[PDB]
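A.B. asks: model the structure of this input:
(2 chains, ligands or ions: 4)
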There are 2 protein chains.
Amino acid sequence: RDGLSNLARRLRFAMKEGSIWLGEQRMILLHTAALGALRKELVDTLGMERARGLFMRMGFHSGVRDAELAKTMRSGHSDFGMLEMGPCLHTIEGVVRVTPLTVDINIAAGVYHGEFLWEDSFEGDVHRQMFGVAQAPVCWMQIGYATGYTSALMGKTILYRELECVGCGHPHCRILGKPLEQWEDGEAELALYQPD
Amino acid sequence: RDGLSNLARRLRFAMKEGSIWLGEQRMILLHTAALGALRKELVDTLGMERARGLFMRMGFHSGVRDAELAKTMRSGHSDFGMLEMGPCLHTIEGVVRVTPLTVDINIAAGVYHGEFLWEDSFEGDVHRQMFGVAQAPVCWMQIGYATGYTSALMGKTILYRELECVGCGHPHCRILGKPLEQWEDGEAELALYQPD
Ligand SMILES: Oc1ccc(Cl)cc1Cl
Ligand SMILES: Oc1ccc(Cl)cc1Cl
Ligand SMILES: [Zn+2]
Ligand SMILES: [Zn+2]
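C.D. replies: Numbers count the residues shown, from 1 in each chain, chains lettered A, B, ... in the order given. Ligands and ions are numbered 1, 2, ... in the order given. Please see the structure below:
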């Protein structure tokens, strides 16, 4: 049920070069407390609104790259088994523990409906460290990744939103992803992914 | 290098918890392209000088945290051996391949003069690809890390600077670290490490 094995062969640590590679993308290992401190400076000086955009887009770029890696290992993987490489990649990257609740996907037909549980999210625990409990969900980067990955996989914009978030006192995160036009505020969610 | 083998044992993947740990500090695997894209947005909107400080301070926090890890492993190690853990962790994290050249350290005496070679500096590759060759050295986060690691380790302000940088088109990066007092522009360099 897990593709963590098939996708781990794609992860090379080259200690005698000082580089890490996931597929054909170079990675770094970064301290979450380092990213936390950057988030603090970004919210404090740019506001929660602008800061959230910067992270969602960073997240978006990451998800799109991992969709590219997923596409190369298609061979005979169903649409769903294709989709599932996203949550797998998220875990391996140590961002969060992803659990697909229910997923309806057809790539050819442009149909997608997806719900997930986000157990153990760094962003959530990182936001809490730096700001305490939040009024709105705080897994920005993580949400940008889901949007980026799924959109690049479908060839059309799939936006995600957190229906529940540990950053808001909840026990875990709960997220929903579906085509842009099935969101009433979708035009305005989509503006969050635009640099400027 | 014995440091790389001993320290690499401190890194573990706990996928059940969707987590990656280096010692007692949680880590994520992040695409350098995603970080590069954030660097570009921050430079485009806040300008080079302010984007530089943000990344230097992010690296600093990283360095200070790896220093806390090296300290727990302070046994049987000379002052040099403990200093060497910084370069090793930086390399393990895939940030850059670090070659210590000459290192003069005595922690109890407050003695520190350190020169280092950097190859494959992610900060250098990512900057050139988003901005082209730069005028001044471009590996902000990497310098912040050496500064934070060594200051934490020495118990006093050690500042680092690139005398050469691939982001300026040189074959490599060359780094000098030494106490605040021995830098001509020392006070101005210390300024970059404080928020706004
Ligand atoms: O965390 C995730 C990463 C990729 C996809 Cl498609 C969904 C989720 Cl919840
Ligand atoms: O890249 C580095 C990491 C730690 C220390 Cl002490 C020096 C350097 Cl140049
Ligand atoms: Zn959340
Ligand atoms: Zn450099």
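A.B. asks: mind listing what the residue in chain A positioned nearest to ligand 4 touches?
C.D. replies: Nearest to ligand 4 in chain A, going by Cβ to the ion, is residue A:18, at a distance of 13.0 Å. The C-beta positions use only the backbone N, C-alpha and C, and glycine is treated the same way. Going by Cβ atoms under 8 Å, 6 or more residues apart in numbering or on different chains, residue A:18 touches B:90, B:91, B:94, B:95, B:96, B:97, B:98, B:119, B:120.
A.B. asks: now these as JSON lines including neighbour count, distance to ligand 4 and secondary structure?
C.D. replies: Putting these into JSON lines (neighbours: other Cβ atoms under 10 Å in any protein chain shown; distance: Cβ to the ion, whole Å; DSSP: H, G, I helix; E, B strand; the rest coil) gives the following:
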{"residue": "B:90", "neighbour count": "25", "distance to ligand 4": "13", "secondary structure": "helix"}
{"residue": "B:91", "neighbour count": "26", "distance to ligand 4": "15", "secondary structure": "helix"}
{"residue": "B:94", "neighbour count": "26", "distance to ligand 4": "16", "secondary structure": "coil"}
{"residue": "B:95", "neighbour count": "27", "distance to ligand 4": "11", "secondary structure": "coil"}
{"residue": "B:96", "neighbour count": "31", "distance to ligand 4": "8", "secondary structure": "coil"}
{"residue": "B:97", "neighbour count": "20", "distance to ligand 4": "12", "secondary structure": "strand"}
{"residue": "B:98", "neighbour count": "24", "distance to ligand 4": "12", "secondary structure": "strand"}
{"residue": "B:119", "neighbour count": "17", "distance to ligand 4": "10", "secondary structure": "strand"}
{"residue": "B:120", "neighbour count": "20", "distance to ligand 4": "10", "secondary structure": "coil"}
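A.B. asks: could you redo those as CSV and give each row distance to ligand 3?
C.D. replies: What follows is those, written out as CSV (distance: Cβ to the ion, whole Å):
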residue, distance to ligand 3
B:90, 30
B:91, 32
B:94, 27
B:95, 27
B:96, 32
B:97, 36
B:98, 35
B:119, 38
B:120, 34
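A.B. asks: check the residues you listed against chain A, which are close?
C.D. replies: Residues shared between the contacts of residue A:18 and the neighbourhood of chain A are B:90, B:91, B:94, B:95, B:96, B:97, B:98, B:119, B:120 [Cβ under 8 Å from any Cβ of the partner chain].
A.B. asks: and the two most separated of those?
C.D. replies: Spatial extent of those (Cβ to Cβ) is set by the pair B:94 and B:119 at 12.7 Å.
A.B. asks: which of the contacts of residue A:18 come close to ligand 2?
C.D. replies: By Cβ under 6 Å from any ligand atom, the members of the contacts of residue A:18 lying near ligand 2 are B:90, B:96, B:98.
A.B. asks: grab the nearest non-local neighbour of the last one.
C.D. replies: Meaning residue B:98. Closest residue to residue B:98 apart from its sequence neighbours, by Cβ to Cβ, 6 or more residues apart in numbering or on different chains: residue B:87 at 3.7 Å.
A.B. asks: for the one you found, give me its contacts.
C.D. replies: The contact partners of residue B:87, by Cβ under 8 Å, 6+ apart, come to B:3, B:98, B:99, B:100, B:116.
A.B. asks: in a strand, the fourth one, correct?
C.D. replies: Yes. Residue B:100 forms part of a strand when assessed by DSSP: H, G, I helix; E, B strand; the rest coil.
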